[PDB]
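**Q** Below is a structure I'd like to ask you about.
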Amino acid sequence: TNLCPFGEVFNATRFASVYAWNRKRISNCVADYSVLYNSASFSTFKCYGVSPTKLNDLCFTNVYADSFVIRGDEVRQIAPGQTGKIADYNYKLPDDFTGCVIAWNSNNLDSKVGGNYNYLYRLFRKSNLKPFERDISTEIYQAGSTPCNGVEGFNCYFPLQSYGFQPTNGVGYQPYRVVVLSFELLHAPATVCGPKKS
Amino acid sequence: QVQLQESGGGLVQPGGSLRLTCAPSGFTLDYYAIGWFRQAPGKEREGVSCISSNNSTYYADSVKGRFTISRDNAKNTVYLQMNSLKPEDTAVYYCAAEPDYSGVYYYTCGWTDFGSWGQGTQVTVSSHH
Ligand SMILES: *[C@@H]1O[C@H](CO[C@@H]2O[C@@H](C)[C@@H](O)[C@@H](O)[C@@H]2O)[C@@H](O[C@@H]2O[C@H](CO)[C@@H](O)[C@H](O)[C@H]2NC(C)=O)[C@H](O)[C@H]1NC(C)=O
Ligand SMILES: *[C@@H]1O[C@H](CO)[C@@H](O)[C@H](O)[C@H]1NC(C)=O
């Protein structure tokens, strides 16, 4: 009888930076996808390995809701087999991804006149992220032969950068709130079912 | 990024039909998803119709009964048949492409789903010509 708490994910006041993306496990609830259907603000709403129409007629062991904020032209990196600074260093989906990606423009919430410097992304990393891996380290990146010893300098760079979202940016550079729903079928029983399989 | 060229635009009477064509250059549309977008004068860019690499489709509500998107990977071409054209359909129509190695299934289709864009072709539906 319990409904899945999609509202507290999609309609949260504050969203995580992509490098420190937020994950909420959704279990033991009825997945009413109608609220997701009827939100006419979604620029992106697509699924992989499953049709978004058949979500109310399916059951899963767990549904993982990952959320973060990136630029508009970076939303496409939140997809199987994609590359770029966000997919390589911040949030990586697997090539076998089963789930849905939802993104909507959030210029009205996450932009500030003079810049909102609270949203960050990782720019440097010695290796790409594994799927669903998170790196929240703040260690100086050694871009040259000389070791850094934690001191920023020549070929020694801080790994995070700030978006600095302003409302006057073009839509490509404007902030977009992203929610990735992952569909897991590992250890029975299934706990998240649509109202049509319930 | 990839090179995209549109064709099939023009001026047509209301109720008439057009067939937009998106031709890739320098690659094949096999792994790619293709979408059609339009921007009317004095308005924002809107998604019209999209097709996945698995041939699943998206249609905006305003074109649902009138437009049909199709894929021909052998001829390396995506078509947008546009029947029963109305004056509100007057806009510049853009083709868009995005790698889609797995099969994507759309509920909506927006500009945030594509990285490559065409130059566009003009579609004008007026009886006043
Ligand atoms: C996220 O919130 C929107 C908007 O909710 C409205 O604004 C809030 C600040 C608060 O005042 C709410 O009580 C308001 O309803 C939800 O969109 C609404 O959804 C309902 C039911 O689907 C619909 O009847 C309303 O018309 C919608 N209103 C708008 C402005 O879109 C949305 O459902 C919420 N998302 C989730 C996942 O819960
Ligand atoms: C898409 O359609 C073409 C032509 O009908 C067909 O050859 C191909 O197998 C289809 N692909 C899928 C994934 O259904």
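Note on naming: chains are A, B, ... as they come in the structure tokens, residues start from 1 per chain, ligands start from 1 in the order shown.
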Which residues of chain A are close to chain B, meaning at most 8 Å apart when you count only C-alpha atoms, and how do they look as a tab-separated table (two decimals) with N, CA and C atoms, in the first residue's frame?
**A**
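Saved result, part.tsv, follows:
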```
chain	number	residue	atom	x	y	z
A	37	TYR	N	5.43	10.45	-15.19
A	37	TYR	CA	4.85	10.65	-16.51
A	37	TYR	C	4.33	12.07	-16.68
A	42	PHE	N	10.28	17.61	-17.83
A	42	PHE	CA	11.42	16.74	-18.12
A	42	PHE	C	11.91	16.97	-19.54
A	43	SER	N	13.17	17.39	-19.66
A	43	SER	CA	13.81	17.44	-20.97
A	43	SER	C	14.23	16.05	-21.43
A	44	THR	N	14.67	15.21	-20.50
A	44	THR	CA	15.10	13.85	-20.78
A	44	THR	C	14.33	12.89	-19.90
A	45	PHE	N	13.79	11.83	-20.51
A	45	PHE	CA	13.12	10.76	-19.77
A	45	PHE	C	13.18	9.54	-20.69
A	46	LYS	N	14.19	8.70	-20.48
A	46	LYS	CA	14.46	7.55	-21.33
A	46	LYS	C	14.91	6.39	-20.46
A	47	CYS	N	14.69	5.17	-20.95
A	47	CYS	CA	15.07	3.96	-20.23
A	47	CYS	C	15.85	3.04	-21.15
A	48	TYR	N	16.63	2.16	-20.53
A	48	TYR	CA	17.48	1.21	-21.23
A	48	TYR	C	17.17	-0.19	-20.72
A	49	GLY	N	17.01	-1.14	-21.65
A	49	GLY	CA	16.66	-2.50	-21.29
A	49	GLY	C	15.23	-2.70	-20.87
A	50	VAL	N	14.39	-1.67	-20.95
A	50	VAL	CA	12.99	-1.77	-20.53
A	50	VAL	C	12.25	-0.56	-21.10
A	51	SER	N	11.01	-0.78	-21.50
A	51	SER	CA	10.19	0.31	-22.01
A	51	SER	C	9.62	1.12	-20.85
A	52	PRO	N	9.66	2.46	-20.92
A	52	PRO	CA	9.11	3.26	-19.81
A	52	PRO	C	7.61	3.12	-19.64
A	53	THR	N	6.90	2.58	-20.64
A	53	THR	CA	5.47	2.35	-20.49
A	53	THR	C	5.17	1.13	-19.63
A	72	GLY	N	23.61	21.31	-19.13
A	72	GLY	CA	22.67	20.78	-20.10
A	72	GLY	C	23.33	19.89	-21.14
A	73	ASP	N	24.39	20.40	-21.77
A	73	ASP	CA	25.07	19.62	-22.80
A	73	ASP	C	25.85	18.43	-22.24
A	74	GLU	N	25.83	18.22	-20.92
A	74	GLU	CA	26.46	17.05	-20.32
A	74	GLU	C	25.46	15.94	-20.00
A	75	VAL	N	24.16	16.23	-20.07
A	75	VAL	CA	23.15	15.22	-19.76
A	75	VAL	C	23.33	13.98	-20.63
A	76	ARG	N	23.68	14.17	-21.90
A	76	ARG	CA	23.85	13.04	-22.80
A	76	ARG	C	24.95	12.09	-22.33
A	80	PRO	N	24.48	4.71	-21.33
A	80	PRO	CA	25.42	3.60	-21.52
A	80	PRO	C	26.42	3.90	-22.63
A	81	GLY	N	27.69	3.60	-22.35
A	81	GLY	CA	28.73	3.69	-23.35
A	81	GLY	C	29.13	5.08	-23.77
A	95	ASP	N	27.75	-0.45	-19.36
A	95	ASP	CA	27.31	-0.73	-20.72
A	95	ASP	C	26.06	-1.61	-20.74
A	96	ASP	N	25.84	-2.40	-19.69
A	96	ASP	CA	24.68	-3.27	-19.56
A	96	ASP	C	23.56	-2.62	-18.76
```
**Q** Hey, what's within 9 Å of residue 6 (chain A) if we count only C-alpha atoms and toss same-chain stuff fewer than 4 positions away? As a ChimeraX atom specification, please?
**A** /A:10-11,26,31-33,35-36,65
**Q** Please produce an output containing N, CA and C atoms for each residue in the selection, written as a PDB file, in the first residue's frame.
**A**
```
ATOM      1  N   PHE A  10      12.981  13.546  -6.458  1.00  0.00           N
ATOM      2  CA  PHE A  10      12.854  14.486  -7.567  1.00  0.00           C
ATOM      3  C   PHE A  10      12.666  15.916  -7.077  1.00  0.00           C
ATOM      4  N   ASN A  11      11.903  16.102  -6.001  1.00  0.00           N
ATOM      5  CA  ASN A  11      11.534  17.429  -5.526  1.00  0.00           C
ATOM      6  C   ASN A  11      12.338  17.862  -4.305  1.00  0.00           C
ATOM      7  N   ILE A  26      15.475   2.483  -2.932  1.00  0.00           N
ATOM      8  CA  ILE A  26      14.018   2.465  -2.897  1.00  0.00           C
ATOM      9  C   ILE A  26      13.567   1.015  -2.837  1.00  0.00           C
ATOM     10  N   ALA A  31       5.517   1.393  -6.898  1.00  0.00           N
ATOM     11  CA  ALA A  31       6.167   2.368  -7.767  1.00  0.00           C
ATOM     12  C   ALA A  31       5.117   2.998  -8.675  1.00  0.00           C
ATOM     13  N   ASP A  32       4.590   4.147  -8.255  1.00  0.00           N
ATOM     14  CA  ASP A  32       3.609   4.891  -9.042  1.00  0.00           C
ATOM     15  C   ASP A  32       4.366   5.844  -9.958  1.00  0.00           C
ATOM     16  N   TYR A  33       4.602   5.401 -11.194  1.00  0.00           N
ATOM     17  CA  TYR A  33       5.346   6.187 -12.170  1.00  0.00           C
ATOM     18  C   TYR A  33       4.512   7.281 -12.820  1.00  0.00           C
ATOM     19  N   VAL A  35       3.392  10.084 -11.544  1.00  0.00           N
ATOM     20  CA  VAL A  35       3.932  11.402 -11.217  1.00  0.00           C
ATOM     21  C   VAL A  35       5.138  11.719 -12.089  1.00  0.00           C
ATOM     22  N   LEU A  36       5.909  10.698 -12.469  1.00  0.00           N
ATOM     23  CA  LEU A  36       7.013  10.919 -13.396  1.00  0.00           C
ATOM     24  C   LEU A  36       6.500  11.150 -14.810  1.00  0.00           C
ATOM     25  N   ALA A  65      17.972   5.285  -6.748  1.00  0.00           N
ATOM     26  CA  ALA A  65      17.769   6.630  -7.277  1.00  0.00           C
ATOM     27  C   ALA A  65      19.039   7.438  -7.043  1.00  0.00           C
TER      28      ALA A  65
END
```
**Q** Output as a ChimeraX atom specification all residues of chain B that backbone DSSP marks as strand (DSSP E or B).
**A** /B:3-7,10-12,18-25,32-39,45-51,57-59,67-72,77-82,91-99,104-108,116-117,121-125
**Q** Residues within 10 Å of ligand 2 (only C-alpha atoms and all ligand atoms), as a PDB file with N, CA and C atoms, in the first residue's frame?
**A**
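Written file, out31.pdb:
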```pdb
ATOM      1  N   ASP B  30      23.880   3.015 -37.854  1.00  0.00           N
ATOM      2  CA  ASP B  30      23.518   1.728 -37.268  1.00  0.00           C
ATOM      3  C   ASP B  30      23.482   1.801 -35.745  1.00  0.00           C
ATOM      4  N   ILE B  51      13.755   8.271 -33.121  1.00  0.00           N
ATOM      5  CA  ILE B  51      13.812   6.829 -33.321  1.00  0.00           C
ATOM      6  C   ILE B  51      15.114   6.301 -32.733  1.00  0.00           C
ATOM      7  N   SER B  52      15.018   5.199 -31.996  1.00  0.00           N
ATOM      8  CA  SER B  52      16.155   4.569 -31.349  1.00  0.00           C
ATOM      9  C   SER B  52      16.860   3.607 -32.305  1.00  0.00           C
ATOM     10  N   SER B  53      18.036   3.138 -31.881  1.00  0.00           N
ATOM     11  CA  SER B  53      18.726   2.099 -32.634  1.00  0.00           C
ATOM     12  C   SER B  53      17.965   0.781 -32.609  1.00  0.00           C
ATOM     13  N   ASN B  54      17.083   0.584 -31.629  1.00  0.00           N
ATOM     14  CA  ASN B  54      16.221  -0.590 -31.577  1.00  0.00           C
ATOM     15  C   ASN B  54      14.888  -0.372 -32.284  1.00  0.00           C
ATOM     16  N   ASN B  55      14.748   0.728 -33.023  1.00  0.00           N
ATOM     17  CA  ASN B  55      13.592   1.097 -33.837  1.00  0.00           C
ATOM     18  C   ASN B  55      12.390   1.565 -33.022  1.00  0.00           C
ATOM     19  N   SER B  56      12.477   1.618 -31.696  1.00  0.00           N
ATOM     20  CA  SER B  56      11.397   2.215 -30.924  1.00  0.00           C
ATOM     21  C   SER B  56      11.342   3.713 -31.195  1.00  0.00           C
ATOM     22  N   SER B  70      10.866   6.831 -39.694  1.00  0.00           N
ATOM     23  CA  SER B  70      11.298   5.509 -40.123  1.00  0.00           C
ATOM     24  C   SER B  70      12.806   5.509 -40.325  1.00  0.00           C
ATOM     25  N   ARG B  71      13.390   4.313 -40.244  1.00  0.00           N
ATOM     26  CA  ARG B  71      14.830   4.126 -40.345  1.00  0.00           C
ATOM     27  C   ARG B  71      15.150   3.129 -41.448  1.00  0.00           C
ATOM     28  N   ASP B  72      16.194   3.427 -42.229  1.00  0.00           N
ATOM     29  CA  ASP B  72      16.692   2.519 -43.269  1.00  0.00           C
ATOM     30  C   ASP B  72      18.217   2.520 -43.169  1.00  0.00           C
ATOM     31  N   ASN B  73      18.756   1.615 -42.350  1.00  0.00           N
ATOM     32  CA  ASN B  73      20.199   1.565 -42.151  1.00  0.00           C
ATOM     33  C   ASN B  73      20.940   1.066 -43.383  1.00  0.00           C
ATOM     34  N   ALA B  74      20.268   0.313 -44.255  1.00  0.00           N
ATOM     35  CA  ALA B  74      20.909  -0.130 -45.488  1.00  0.00           C
ATOM     36  C   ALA B  74      21.196   1.049 -46.411  1.00  0.00           C
ATOM     37  N   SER B 102      23.501   0.343 -26.803  1.00  0.00           N
ATOM     38  CA  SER B 102      22.329  -0.334 -26.279  1.00  0.00           C
ATOM     39  C   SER B 102      21.077   0.263 -26.915  1.00  0.00           C
ATOM     40  N   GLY B 103      19.940  -0.375 -26.677  1.00  0.00           N
ATOM     41  CA  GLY B 103      18.705   0.166 -27.207  1.00  0.00           C
ATOM     42  C   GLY B 103      18.004   1.091 -26.232  1.00  0.00           C
TER      43      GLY B 103
END
```
**Q** Give me, as a PDB file with C-alpha atoms, in the first residue's frame, all polymer residues having an atom no more than 9 Å from residue 22 (chain A), counting only C-alpha atoms and skipping those fewer than 4 positions away in the same chain.
**A**
```pdb
ATOM      1  CA  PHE A  15      20.853  18.456  -4.980  1.00  0.00           C
ATOM      2  CA  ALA A  16      24.301  16.899  -4.722  1.00  0.00           C
ATOM      3  CA  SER A  17      27.298  17.824  -6.819  1.00  0.00           C
ATOM      4  CA  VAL A  18      27.901  15.235  -9.528  1.00  0.00           C
ATOM      5  CA  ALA A  65      17.769   6.630  -7.277  1.00  0.00           C
ATOM      6  CA  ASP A  66      20.952   8.563  -8.069  1.00  0.00           C
ATOM      7  CA  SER A  67      20.715  12.347  -8.345  1.00  0.00           C
ATOM      8  CA  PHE A  68      23.126  15.183  -9.138  1.00  0.00           C
TER       9      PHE A  68
END
```
